[PDB]
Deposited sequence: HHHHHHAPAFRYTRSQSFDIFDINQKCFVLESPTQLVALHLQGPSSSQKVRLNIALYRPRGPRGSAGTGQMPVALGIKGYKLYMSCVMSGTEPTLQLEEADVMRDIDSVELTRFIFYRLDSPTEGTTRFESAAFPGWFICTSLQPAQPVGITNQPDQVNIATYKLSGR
């Protein structure tokens, strides 16, 4: 279903200017800086065999994925090597559609495994990054990326 093309590194902030920080090897949180380091994203751009992407945490050998946990969709970080082919339902956990609103320069990320579910941060600082089916509704699911 998807075939790797290339990766590009981006800075990322949510629209309330929180950045991502890798709090622990399995925990990404969003906070306001100034202290510690912001995460950059290594965005792997794919082609169906829409902007399907994988979101790598630059320098830490981790990729974001969406999986069922219990009975709830859950965003988590997994150790994964760069993936050339995403050719199963299972592997689709790593794919997100990058949805750019070009004129405003903002971006949302929608899970391919869990359509309708969007990468989101809390309105409060120092919470985990998660996913929601109510994007931008008592959460922030809109970001600004810069190369």
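Counting the deposited sequence from 1, the stretches lacking C-alpha coordinates are 1 to 8, 43 to 45, 61 to 69, 168.
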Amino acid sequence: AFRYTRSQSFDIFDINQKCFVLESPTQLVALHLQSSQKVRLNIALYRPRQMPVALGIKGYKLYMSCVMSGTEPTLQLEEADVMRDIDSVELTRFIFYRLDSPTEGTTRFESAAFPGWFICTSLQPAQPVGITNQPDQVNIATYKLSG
From here on, numbers count along this sequence of modelled residues.
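The deposited model assigns a higher average Cα B-factor to 20 to 28 than to the other stretch when 120 to 128 and 20 to 28 are compared. Once the C-alpha B-factors are averaged per stretch, 87 to 95 and 109 to 117 rank with 87 to 95 first.
Note on 43, 62, 33, 67: the highest value goes to 33, judged by CA B factor as recorded. In the deposited entry, the Cα temperature factor of residue 51 places it in the highest third of its chain's modelled residues. Placement of the Cα temperature factor of residue 7 within the chain: middle third of the modelled residues, per the deposited record. When the modelled residues of the chain are ordered by their C-alpha B factor, residue 1 lands in the highest third.
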